[PDB]
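Asks: Structure file final-v9.txt (compact mmCIF, C-alpha atoms and all ligand atoms) is given on the next line.
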```
# COMPACT_ATOMS: atom_id res chain seq x y z
CA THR A 17 18.50 9.97 39.52
CA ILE A 18 16.81 6.55 39.54
CA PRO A 19 18.05 4.17 42.24
CA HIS A 20 19.23 0.72 41.17
CA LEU A 21 18.28 -2.19 43.42
CA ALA A 22 19.39 -5.83 43.39
CA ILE A 23 16.17 -7.09 45.00
CA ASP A 24 14.66 -10.01 43.09
CA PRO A 25 10.90 -9.69 43.56
CA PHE A 26 10.49 -13.15 42.03
CA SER A 27 12.87 -14.96 44.39
CA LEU A 28 11.64 -17.53 46.88
CA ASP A 29 13.11 -15.54 49.76
CA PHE A 30 11.09 -12.51 48.61
CA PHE A 31 7.87 -14.55 48.28
CA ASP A 32 8.43 -15.96 51.76
CA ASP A 33 8.26 -12.49 53.33
CA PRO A 34 7.96 -9.63 50.82
CA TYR A 35 7.11 -6.86 53.23
CA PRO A 36 10.52 -5.51 54.23
CA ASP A 37 11.65 -5.54 50.57
CA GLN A 38 8.43 -3.83 49.53
CA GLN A 39 9.16 -1.02 51.95
CA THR A 40 12.70 -0.75 50.60
CA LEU A 41 11.21 -0.57 47.09
CA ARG A 42 8.78 2.21 48.11
CA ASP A 43 11.30 4.19 50.10
CA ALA A 44 14.11 4.10 47.55
CA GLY A 45 12.04 6.43 45.36
CA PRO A 46 8.82 6.73 43.34
CA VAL A 47 10.55 4.78 40.54
CA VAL A 48 13.34 2.22 40.87
CA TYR A 49 15.43 0.16 38.48
CA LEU A 50 15.64 -3.56 39.18
CA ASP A 51 19.07 -4.71 37.97
CA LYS A 52 18.16 -8.39 38.32
CA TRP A 53 15.66 -8.23 35.46
CA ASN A 54 16.34 -4.90 33.71
CA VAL A 55 12.92 -3.43 34.44
CA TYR A 56 11.60 -0.31 36.10
CA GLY A 57 9.56 -0.73 39.25
CA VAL A 58 6.85 1.32 40.93
CA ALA A 59 5.81 0.33 44.45
CA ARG A 60 4.04 3.35 45.94
CA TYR A 61 0.28 3.70 45.65
CA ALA A 62 0.27 6.99 43.71
CA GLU A 63 2.53 5.79 40.88
CA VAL A 64 0.99 2.30 40.67
CA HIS A 65 -2.45 3.87 40.39
CA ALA A 66 -1.25 6.43 37.84
CA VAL A 67 0.40 3.82 35.63
CA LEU A 68 -2.70 1.59 35.67
CA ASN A 69 -4.80 4.56 34.55
CA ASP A 70 -2.45 5.63 31.76
CA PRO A 71 -2.94 2.87 29.17
CA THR A 72 -1.88 4.88 26.10
CA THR A 73 1.66 5.16 27.44
CA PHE A 74 1.80 2.09 29.68
CA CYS A 75 0.33 -0.49 27.35
CA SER A 76 -0.78 -4.09 27.80
CA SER A 77 -0.52 -5.34 24.22
CA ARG A 78 3.19 -6.06 24.51
CA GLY A 79 2.44 -8.43 27.39
CA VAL A 80 1.73 -7.89 31.08
CA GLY A 81 4.52 -10.25 32.10
CA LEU A 82 8.25 -9.65 31.83
CA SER A 83 8.32 -10.87 28.23
CA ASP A 84 7.91 -8.17 25.56
CA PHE A 85 5.72 -9.53 22.76
CA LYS A 86 7.59 -7.24 20.32
CA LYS A 87 10.81 -9.10 21.21
CA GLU A 88 9.75 -12.67 22.03
CA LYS A 89 6.98 -15.06 21.03
CA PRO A 90 4.17 -15.28 23.61
CA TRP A 91 4.05 -18.69 25.32
CA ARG A 92 0.39 -18.98 24.21
CA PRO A 93 -1.71 -16.86 21.81
CA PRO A 94 -2.29 -13.41 23.39
CA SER A 95 -5.33 -12.86 25.58
CA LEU A 96 -7.84 -10.77 23.61
CA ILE A 97 -8.57 -8.83 26.77
CA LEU A 98 -5.64 -8.84 29.26
CA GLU A 99 -3.03 -8.45 26.52
CA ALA A 100 -4.89 -5.95 24.33
CA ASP A 101 -5.20 -2.14 24.36
CA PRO A 102 -8.20 0.01 23.41
CA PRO A 103 -9.75 -0.03 20.91
CA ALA A 104 -9.12 -3.76 20.29
CA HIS A 105 -9.74 -4.38 23.99
CA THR A 106 -13.13 -2.71 24.07
CA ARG A 107 -15.60 -5.12 22.48
CA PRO A 108 -14.22 -8.35 23.99
CA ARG A 109 -14.20 -6.53 27.35
CA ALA A 110 -17.87 -5.59 26.88
CA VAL A 111 -18.75 -9.23 26.19
CA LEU A 112 -17.09 -10.47 29.38
CA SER A 113 -18.66 -7.58 31.29
CA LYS A 114 -22.11 -8.69 30.11
CA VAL A 115 -21.44 -12.39 30.66
CA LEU A 116 -20.29 -11.68 34.23
CA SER A 117 -22.80 -8.86 34.74
CA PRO A 118 -24.79 -7.82 37.81
CA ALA A 119 -27.83 -9.40 36.14
CA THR A 120 -25.90 -12.66 35.75
CA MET A 121 -25.03 -12.74 39.46
CA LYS A 122 -28.75 -13.10 40.24
CA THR A 123 -28.78 -16.40 38.37
CA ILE A 124 -25.92 -17.96 40.37
CA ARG A 125 -26.21 -16.45 43.85
CA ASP A 126 -28.51 -19.01 45.46
CA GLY A 127 -26.37 -21.95 44.36
CA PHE A 128 -23.09 -20.27 45.24
CA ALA A 129 -24.37 -19.32 48.69
CA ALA A 130 -25.91 -22.76 49.28
CA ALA A 131 -22.60 -24.42 48.33
CA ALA A 132 -20.65 -22.18 50.72
CA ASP A 133 -23.07 -22.88 53.58
CA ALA A 134 -22.88 -26.61 52.95
CA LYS A 135 -19.08 -26.61 52.72
CA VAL A 136 -18.73 -24.86 56.07
CA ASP A 137 -21.15 -27.30 57.73
CA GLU A 138 -19.22 -30.21 56.21
CA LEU A 139 -15.92 -28.83 57.51
CA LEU A 140 -17.44 -28.32 60.96
CA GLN A 141 -18.17 -32.06 61.13
CA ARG A 142 -14.47 -32.75 60.53
CA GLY A 143 -13.13 -30.06 62.83
CA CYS A 144 -9.48 -30.28 61.78
CA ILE A 145 -9.13 -29.39 58.10
CA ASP A 146 -6.76 -27.88 55.55
CA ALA A 147 -8.19 -24.43 54.73
CA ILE A 148 -6.46 -24.54 51.36
CA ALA A 149 -7.30 -27.97 49.87
CA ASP A 150 -10.54 -28.41 51.85
CA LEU A 151 -11.90 -24.86 51.59
CA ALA A 152 -10.10 -22.29 49.45
CA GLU A 153 -9.69 -24.83 46.66
CA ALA A 154 -12.64 -27.13 47.29
CA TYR A 155 -15.29 -24.40 47.37
CA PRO A 156 -14.45 -22.66 44.07
CA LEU A 157 -13.93 -26.10 42.53
CA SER A 158 -17.49 -26.98 43.59
CA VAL A 159 -19.15 -23.97 41.92
CA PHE A 160 -17.03 -22.25 39.24
CA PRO A 161 -16.41 -25.08 36.76
CA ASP A 162 -20.16 -25.79 36.82
CA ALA A 163 -21.00 -22.11 36.31
CA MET A 164 -18.59 -22.12 33.36
CA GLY A 165 -20.49 -25.10 31.98
CA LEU A 166 -17.46 -27.39 31.93
CA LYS A 167 -17.84 -31.14 31.53
CA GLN A 168 -16.66 -33.37 34.36
CA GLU A 169 -13.76 -35.01 32.56
CA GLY A 170 -10.40 -33.25 32.76
CA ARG A 171 -11.11 -30.75 35.54
CA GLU A 172 -7.91 -31.88 37.30
CA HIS A 173 -6.08 -29.73 34.73
CA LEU A 174 -7.73 -26.45 35.81
CA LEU A 175 -5.57 -25.46 38.78
CA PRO A 176 -2.32 -26.66 37.13
CA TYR A 177 -3.18 -24.60 34.00
CA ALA A 178 -3.84 -21.51 36.10
CA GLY A 179 -0.63 -21.93 38.08
CA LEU A 180 1.15 -22.08 34.72
CA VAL A 181 -0.52 -18.90 33.46
CA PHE A 182 0.41 -16.99 36.57
CA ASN A 183 3.97 -18.34 36.69
CA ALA A 184 4.38 -17.40 33.02
CA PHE A 185 3.93 -13.67 33.68
CA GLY A 186 7.16 -13.89 35.67
CA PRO A 187 10.80 -13.74 34.54
CA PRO A 188 12.42 -16.85 33.05
CA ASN A 189 13.33 -18.28 36.46
CA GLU A 190 13.00 -21.92 37.55
CA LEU A 191 9.33 -21.45 38.51
CA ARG A 192 8.52 -20.26 35.00
CA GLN A 193 10.71 -22.78 33.20
CA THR A 194 9.26 -25.70 35.15
CA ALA A 195 5.72 -24.44 34.57
CA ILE A 196 6.14 -24.09 30.82
CA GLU A 197 8.13 -27.26 30.10
CA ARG A 198 5.65 -30.14 29.46
CA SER A 199 2.63 -27.83 29.95
CA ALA A 200 1.07 -29.14 26.70
CA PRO A 201 -1.46 -31.54 28.29
CA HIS A 202 -2.81 -28.71 30.48
CA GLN A 203 -2.99 -26.40 27.47
CA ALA A 204 -4.63 -29.07 25.32
CA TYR A 205 -7.32 -29.65 27.94
CA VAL A 206 -8.19 -25.98 28.40
CA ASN A 207 -8.10 -25.18 24.69
CA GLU A 208 -10.46 -28.05 23.95
CA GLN A 209 -13.00 -26.95 26.56
CA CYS A 210 -13.02 -23.47 25.03
CA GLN A 211 -14.74 -24.87 21.93
CA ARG A 212 -18.49 -24.31 21.79
CA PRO A 213 -19.62 -27.97 21.70
CA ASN A 214 -17.91 -28.63 25.05
CA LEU A 215 -19.70 -25.89 26.96
CA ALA A 216 -23.06 -26.46 28.65
CA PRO A 217 -25.89 -24.19 27.49
CA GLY A 218 -26.55 -21.51 30.08
CA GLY A 219 -23.01 -21.46 31.51
CA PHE A 220 -20.48 -18.64 31.15
CA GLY A 221 -18.65 -20.38 28.29
CA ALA A 222 -21.77 -20.89 26.19
CA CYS A 223 -22.90 -17.34 26.90
CA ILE A 224 -19.61 -15.99 25.54
CA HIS A 225 -20.21 -18.00 22.35
CA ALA A 226 -23.77 -16.64 22.19
CA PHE A 227 -22.35 -13.11 21.89
CA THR A 228 -20.81 -13.98 18.52
CA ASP A 229 -24.31 -13.36 17.08
CA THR A 230 -24.23 -9.71 18.13
CA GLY A 231 -21.20 -8.46 16.24
CA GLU A 232 -19.27 -7.78 19.43
CA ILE A 233 -16.92 -10.75 18.94
CA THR A 234 -16.42 -13.13 16.02
CA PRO A 235 -16.83 -16.89 16.48
CA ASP A 236 -13.03 -17.31 16.37
CA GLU A 237 -12.65 -14.83 19.25
CA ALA A 238 -14.99 -16.71 21.58
CA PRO A 239 -12.67 -19.59 22.52
CA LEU A 240 -9.92 -17.16 23.62
CA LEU A 241 -12.40 -15.28 25.82
CA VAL A 242 -13.53 -18.53 27.45
CA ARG A 243 -9.81 -19.22 27.89
CA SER A 244 -9.51 -15.96 29.83
CA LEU A 245 -12.12 -17.14 32.34
CA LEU A 246 -10.41 -20.52 32.64
CA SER A 247 -7.09 -18.74 33.27
CA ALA A 248 -8.06 -16.23 35.95
CA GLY A 249 -11.43 -17.41 37.14
CA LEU A 250 -10.46 -20.19 39.55
CA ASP A 251 -6.94 -19.67 40.96
CA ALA A 252 -7.28 -15.98 41.81
CA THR A 253 -10.40 -16.65 43.90
CA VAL A 254 -8.69 -19.66 45.53
CA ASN A 255 -6.01 -17.30 46.75
CA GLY A 256 -8.49 -14.58 47.62
CA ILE A 257 -10.59 -16.90 49.78
CA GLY A 258 -7.46 -18.48 51.27
CA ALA A 259 -6.21 -14.99 52.09
CA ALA A 260 -9.48 -14.16 53.82
CA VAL A 261 -9.49 -17.33 55.93
CA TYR A 262 -5.80 -16.77 56.83
CA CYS A 263 -6.67 -13.21 57.86
CA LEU A 264 -9.59 -14.35 60.01
CA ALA A 265 -7.37 -17.03 61.57
CA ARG A 266 -4.69 -14.48 62.50
CA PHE A 267 -7.01 -11.68 63.59
CA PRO A 268 -9.55 -13.26 65.97
CA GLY A 269 -10.90 -9.81 66.90
CA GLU A 270 -11.95 -9.30 63.29
CA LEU A 271 -13.55 -12.74 63.08
CA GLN A 272 -15.56 -11.70 66.12
CA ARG A 273 -16.68 -8.43 64.50
CA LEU A 274 -17.65 -10.38 61.40
CA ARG A 275 -19.69 -12.86 63.46
CA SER A 276 -21.49 -9.98 65.17
CA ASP A 277 -22.47 -8.46 61.82
CA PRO A 278 -22.39 -10.89 58.87
CA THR A 279 -23.29 -8.05 56.49
CA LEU A 280 -19.63 -7.06 56.79
CA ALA A 281 -18.74 -10.20 54.81
CA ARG A 282 -18.36 -8.39 51.51
CA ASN A 283 -15.99 -5.76 52.88
CA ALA A 284 -14.14 -8.35 54.97
CA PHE A 285 -13.37 -10.06 51.70
CA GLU A 286 -12.41 -6.84 49.92
CA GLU A 287 -10.08 -6.03 52.81
CA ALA A 288 -8.49 -9.47 52.50
CA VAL A 289 -7.84 -8.71 48.84
CA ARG A 290 -6.10 -5.44 49.80
CA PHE A 291 -4.23 -6.99 52.73
CA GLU A 292 -2.81 -10.03 50.94
CA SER A 293 -3.17 -8.91 47.30
CA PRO A 294 -3.42 -12.46 45.85
CA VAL A 295 -2.42 -11.04 42.48
CA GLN A 296 0.81 -9.34 43.46
CA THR A 297 2.16 -7.81 40.29
CA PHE A 298 1.62 -7.01 36.65
CA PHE A 299 3.82 -5.33 34.07
CA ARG A 300 3.20 -2.69 31.45
CA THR A 301 5.40 -1.68 28.51
CA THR A 302 6.05 1.95 27.60
CA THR A 303 4.90 2.86 24.11
CA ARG A 304 6.95 6.11 24.27
CA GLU A 305 9.46 8.03 26.29
CA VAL A 306 7.77 9.10 29.52
CA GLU A 307 8.54 10.90 32.77
CA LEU A 308 7.32 9.07 35.87
CA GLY A 309 8.16 10.16 39.41
CA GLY A 310 10.79 12.54 38.05
CA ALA A 311 12.33 9.64 36.13
CA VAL A 312 12.61 9.58 32.33
CA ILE A 313 11.78 6.11 31.04
CA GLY A 314 12.53 5.30 27.40
CA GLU A 315 10.17 3.68 24.90
CA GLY A 316 9.69 -0.08 24.95
CA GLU A 317 10.66 -0.52 28.59
CA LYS A 318 8.98 -2.93 30.98
CA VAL A 319 7.48 -1.40 34.12
CA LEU A 320 6.67 -3.66 37.08
CA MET A 321 3.71 -2.58 39.20
CA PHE A 322 3.72 -3.83 42.78
CA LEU A 323 -0.01 -4.03 43.51
CA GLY A 324 0.52 -5.61 46.92
CA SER A 325 2.97 -2.90 47.91
CA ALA A 326 0.61 -0.18 46.65
CA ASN A 327 -2.07 -1.77 48.85
CA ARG A 328 0.18 -1.41 51.91
CA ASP A 329 1.75 2.01 51.19
CA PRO A 330 1.54 4.12 54.39
CA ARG A 331 1.39 7.24 52.19
CA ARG A 332 -2.14 6.13 51.26
CA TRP A 333 -3.34 3.78 54.00
CA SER A 334 -3.64 4.19 57.74
CA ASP A 335 -2.25 1.12 59.55
CA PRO A 336 -1.73 -0.69 56.22
CA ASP A 337 -0.41 -3.79 57.97
CA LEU A 338 -3.64 -4.27 59.92
CA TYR A 339 -6.58 -6.32 58.70
CA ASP A 340 -9.64 -4.11 59.30
CA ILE A 341 -12.95 -5.41 57.97
CA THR A 342 -14.58 -1.98 58.24
CA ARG A 343 -11.75 -0.16 56.43
CA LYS A 344 -12.76 2.08 53.54
CA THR A 345 -11.22 -0.21 50.94
CA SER A 346 -12.27 1.80 47.89
CA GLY A 347 -9.30 2.64 45.71
CA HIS A 348 -7.21 -0.44 46.51
CA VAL A 349 -5.57 -1.97 43.43
CA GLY A 350 -5.97 -5.67 44.25
CA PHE A 351 -8.36 -5.97 41.28
CA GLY A 352 -6.41 -3.42 39.23
CA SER A 353 -7.76 -0.02 38.17
CA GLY A 354 -8.95 1.62 34.98
CA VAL A 355 -9.70 -0.03 31.66
CA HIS A 356 -8.43 -3.49 32.63
CA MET A 357 -9.85 -3.53 36.17
CA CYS A 358 -10.91 -7.11 36.96
CA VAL A 359 -13.88 -7.97 34.75
CA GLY A 360 -14.57 -11.00 36.96
CA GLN A 361 -14.77 -8.95 40.16
CA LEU A 362 -18.47 -9.62 40.73
CA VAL A 363 -17.86 -13.36 40.59
CA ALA A 364 -14.84 -13.02 42.92
CA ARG A 365 -16.73 -10.92 45.43
CA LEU A 366 -19.79 -13.18 45.27
CA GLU A 367 -17.70 -16.22 46.15
CA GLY A 368 -15.78 -14.41 48.85
CA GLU A 369 -18.88 -12.82 50.36
CA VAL A 370 -20.92 -16.01 50.60
CA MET A 371 -18.05 -18.02 52.08
CA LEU A 372 -17.30 -15.34 54.66
CA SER A 373 -21.03 -15.11 55.37
CA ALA A 374 -21.17 -18.86 56.05
CA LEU A 375 -18.16 -18.62 58.36
CA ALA A 376 -19.66 -15.56 60.08
CA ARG A 377 -22.88 -17.39 60.88
CA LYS A 378 -21.56 -20.89 61.62
CA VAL A 379 -18.06 -20.61 63.08
CA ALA A 380 -16.98 -19.37 66.53
CA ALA A 381 -13.21 -19.80 66.21
CA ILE A 382 -10.55 -20.56 63.61
CA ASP A 383 -7.27 -21.79 65.12
CA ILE A 384 -4.19 -22.70 63.12
CA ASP A 385 -3.30 -26.20 64.32
CA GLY A 386 -0.55 -27.56 62.08
CA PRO A 387 2.39 -26.45 59.94
CA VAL A 388 1.58 -23.64 57.51
CA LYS A 389 3.19 -23.98 54.09
CA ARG A 390 3.49 -21.19 51.52
CA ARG A 391 2.79 -21.69 47.81
CA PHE A 392 5.30 -19.99 45.51
CA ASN A 393 4.19 -18.46 42.23
CA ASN A 394 5.64 -15.64 40.14
CA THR A 395 2.37 -13.67 40.30
CA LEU A 396 0.13 -15.25 42.94
CA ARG A 397 0.58 -14.87 46.69
CA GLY A 398 -1.02 -17.58 48.79
CA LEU A 399 -0.66 -20.69 50.91
CA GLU A 400 -0.14 -24.33 49.98
CA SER A 401 -1.45 -25.70 53.30
CA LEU A 402 -3.31 -24.01 56.16
CA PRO A 403 -4.27 -26.56 58.83
CA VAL A 404 -7.00 -25.16 61.08
CA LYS A 405 -9.50 -26.34 63.66
CA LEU A 406 -12.96 -24.84 63.21
CA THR A 407 -15.05 -24.35 66.35
CA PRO A 408 -18.81 -24.29 65.70
CA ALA A 409 -20.89 -21.31 66.76
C1 LIG B 1 -9.89 -12.34 44.26
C2 LIG B 1 -9.88 -12.77 43.00
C3 LIG B 1 -9.26 -11.98 41.83
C4 LIG B 1 -8.26 -11.07 41.84
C5 LIG B 1 -7.42 -10.58 43.05
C6 LIG B 1 -8.08 -10.61 40.48
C7 LIG B 1 -7.16 -9.68 40.04
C8 LIG B 1 -7.13 -9.06 38.81
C9 LIG B 1 -6.30 -7.94 38.42
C10 LIG B 1 -5.27 -7.23 39.33
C11 LIG B 1 -6.56 -7.64 37.14
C12 LIG B 1 -5.93 -6.47 36.32
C13 LIG B 1 -5.01 -6.92 35.20
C14 LIG B 1 -4.25 -5.76 34.58
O1 LIG B 1 -4.44 -4.57 34.96
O2 LIG B 1 -3.42 -6.04 33.68
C15 LIG B 1 -7.58 -8.56 36.69
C16 LIG B 1 -8.12 -8.59 35.43
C17 LIG B 1 -8.88 -9.63 34.93
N1 LIG B 1 -9.51 -10.63 35.68
FE1 LIG B 1 -9.49 -10.75 37.76
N2 LIG B 1 -8.99 -11.25 39.67
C18 LIG B 1 -9.73 -12.11 40.47
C19 LIG B 1 -10.78 -12.91 40.05
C20 LIG B 1 -11.19 -13.09 38.76
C21 LIG B 1 -12.29 -13.90 38.30
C22 LIG B 1 -13.21 -14.69 39.25
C23 LIG B 1 -12.35 -13.81 36.96
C24 LIG B 1 -13.33 -14.48 35.96
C25 LIG B 1 -14.38 -15.25 36.30
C26 LIG B 1 -11.28 -12.93 36.54
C27 LIG B 1 -10.98 -12.58 35.24
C28 LIG B 1 -10.22 -11.50 34.84
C29 LIG B 1 -10.04 -11.09 33.47
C30 LIG B 1 -10.62 -11.76 32.21
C31 LIG B 1 -9.17 -9.85 33.53
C32 LIG B 1 -8.69 -9.01 32.33
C33 LIG B 1 -9.63 -7.81 32.24
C34 LIG B 1 -9.15 -6.82 31.21
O3 LIG B 1 -7.99 -6.95 30.73
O4 LIG B 1 -9.95 -5.91 30.86
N3 LIG B 1 -10.61 -12.50 37.67
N4 LIG B 1 -7.92 -9.41 37.72
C1 LIG B 2 -5.79 -11.47 36.56
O1 LIG B 2 -5.12 -12.55 35.94
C2 LIG B 2 -5.49 -12.83 34.61
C3 LIG B 2 -4.86 -13.91 34.01
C4 LIG B 2 -5.17 -14.25 32.70
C5 LIG B 2 -6.12 -13.51 32.01
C6 LIG B 2 -6.47 -13.88 30.59
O2 LIG B 2 -6.06 -14.98 30.12
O3 LIG B 2 -7.17 -13.09 29.90
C7 LIG B 2 -6.76 -12.43 32.61
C8 LIG B 2 -6.45 -12.09 33.92
CL CL B 3 -3.88 -22.39 26.54
```
Once you've parsed the file, please lay out its structure as structure tokens.
Replies:
Amino acid sequence: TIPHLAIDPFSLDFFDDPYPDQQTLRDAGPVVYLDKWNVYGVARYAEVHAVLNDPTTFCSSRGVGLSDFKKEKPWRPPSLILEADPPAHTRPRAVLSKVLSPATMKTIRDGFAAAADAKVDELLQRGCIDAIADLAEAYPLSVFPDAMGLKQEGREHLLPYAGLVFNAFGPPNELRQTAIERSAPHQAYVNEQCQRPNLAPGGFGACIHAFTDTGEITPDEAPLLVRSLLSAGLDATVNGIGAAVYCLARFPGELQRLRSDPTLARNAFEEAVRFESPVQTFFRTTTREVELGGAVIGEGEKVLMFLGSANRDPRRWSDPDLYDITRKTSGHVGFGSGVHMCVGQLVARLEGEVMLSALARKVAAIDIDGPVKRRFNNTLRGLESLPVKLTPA
């Protein structure tokens, strides 16, 4: 009843162009079995959304990568938020929600926007730049570590650590093995910065520690919650912003609409998140036998959710393969859905909005003008190099 497919959704050939295989995955049925890794897969919007919103059966506490924490040792101590279920999830979630709250965004908006404006003006003086290293990486690097309250020394470990975290959700392929082997210096750096004395008063890290006073988290929980922000908080936005610039570069008509109304910046970013889905996949593990899409899945089985595929499913989206900055994006699963829906989404959207706003106001054209190189990661979709010429407005 369930179709078996040999597609390896973690192969380099798949990463290079996932779209035909994602259609095959959707069209084979609502639920598939992936023989390469012995996991179930869901690739249509309806089932991906349903699984995300069914945490009592499709749990996160046994890991959201391929590895089942009941069977294997986690490569690092479990995330108190990503890799926890309610009720254990609830209070640490509330702390991060408050630390990255709407009220908090007020305190960082002027600086984040100023930094985006300045970066775009700087890039316009150069003309011919790499939209990854010089923009998608450089901009979040210029604002997020500071907002975290990180010291200067050691920041070169941030992106490598994140790449490791995202590769480690994958199967034990070469990407994962290479990421984990020797990773100790990256881990040592991040773990050290999670300790209270290393975090600047006022920053996100210190604010997490401040919540230990309230009874919501204990002092020994705080470093792991800071670790969560240092895991997801930089690399995901790098790939979100890179996705947005790549979209604007490929769809000049949409760059022109954005220029004509810069207030579309926020939705232009949200649409980039749907269109590229920088975070491609997460797993769940069944806590019990469960029927899904007419398919009976046993207990303790890994289920792979294709978020990127769900975000391009023609059953749900009109012209899913088009970048449309005025699309009604609500309901997309690029930030997840339900109890684990991205707790850093206000920070992500703030960064994306203010960068797209700066481009909207200052740039007339974005032309790809050199070889484009893809970056391969078991979880992240994005580019390694995106040479572009920026034409000033
Ligand atoms: C465009 C950028 C981003 C994307 C596409 C993204 C994507 C996601 C997704 C899909 C999830 C759901 C995980 C699941 O259901 O298992 C998630 C959760 C999470 N994200 Fe984001 N993220 C982004 C930016 C950020 C930022 C900026 C931060 C922190 C500053 C962050 C921190 C987190 C954390 C801590 C969770 C776990 C929440 C929970 O388990 O309750 N992310 N993110
Ligand atoms: C969305 O990707 C991540 C990655 C790591 C974590 C974490 O370490 O808690 C959360 C979200
Ligand atoms: Cl770590």
Asks: Taking only C-alpha atoms into account, which of A:287, A:42, A:231, A:91 comes nearest residue 197 (chain A)?
Replies: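 Going through A:287, A:42, A:231, A:91 one by one, the smallest distance to residue 197 (chain A) is for A:91.
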Asks: List the neighbours of region 280-283 of chain A out to 9 Å using all atoms listed in the file; skip same-chain residues closer than 3 positions along the sequence, and give me the result as a list in words.
Replies: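 The contact residues come out as residues 273, 274, 275, 277, 286, 287, 288, 341, 342, 343, 344, 345, 365, 366, 368, 369, 370, 371, 372, 373 and 376 of chain A.
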Asks: Could you list, as number ranges by chain, all protein and nucleic acid residues with an atom at most 8 Å from ligand LIG 1 (chain B), counting all atoms listed in the file?
Replies: A: 68, 76, 80, 97-100, 105, 109, 112, 116, 241, 244-257, 289, 293-300, 323, 349-365, 368
Asks: 7 Å from ligand CL 3 (chain B) is the threshold here; counting only C-alpha atoms and all ligand atoms, which polymer residues fall inside it? Answer as a ChimeraX atom specification.
Replies: /A:92,203-204,206-207,243
Asks: Show which residues sit within 8 Å of residue 407 (chain A), as number ranges by chain. Count only C-alpha atoms, and ignore same-chain residues fewer than 6 positions away.
Replies: A: 140, 143, 379-382
Asks: Set the distance at 10 Å and use all atoms listed in the file: which residues neighbour residue 154 (chain A) once local chain neighbours fewer than 6 positions away are removed? I'd like the list as number ranges by chain.
Replies: A: 135, 147-148, 254
Asks: A:178, A:406, A:191, A:223: which is nearest ligand LIG 2 (chain B), counting all atoms listed in the file?
Replies: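 Closest candidate: A:178.
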Asks: Counting all atoms listed in the file, which of A:201, A:57, A:19, A:94 gets nearest to residue 326 (chain A)?
Replies: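 Under the stated criterion, the closest residue is A:57.
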Asks: For residue 399 (chain A), which residue among A:66, A:338, A:261, A:233 is the nearest when counting only C-alpha atoms?
Replies: A:261
Asks: Select, from A:36, A:403, A:179, A:170, the residue with the minimum atom-to-atom distance to ligand LIG 2 (chain B), counting all atoms listed in the file.
Replies: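 Between A:36, A:403, A:179, A:170, the residue approaching ligand LIG 2 (chain B) most closely is A:179.
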Asks: One decimal, Å: what's the distance from CA of residue 63 (chain A) over to CA of residue 46 (chain A), could you say?
Replies: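 Atom-to-atom, CA of residue 63 (chain A) and CA of residue 46 (chain A) are spaced 6.8 Å apart.
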Asks: Separation of CA of residue 267 (chain A) and CA of residue 340 (chain A), in Å?
Replies: 9.1 Å
Asks: Neighbours of region 28-34 of chain A within 8 Å (all atoms listed in the file; same-chain residues fewer than 6 positions away dropped), as a PyMOL selection string?
Replies: chain A and resi 390+392+397
Asks: Considering only C-alpha atoms and all ligand atoms, state which residue in the set A:177, A:285, A:53, A:333 is at the smallest distance from ligand LIG 2 (chain B).
Replies: A:177
Asks: What is the distance between CA of residue 313 (chain A) and CA of residue 60 (chain A), in Å to one decimal?
Replies: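 If I compute the distance from CA of residue 313 (chain A) to CA of residue 60 (chain A), I get 17.0 Å.
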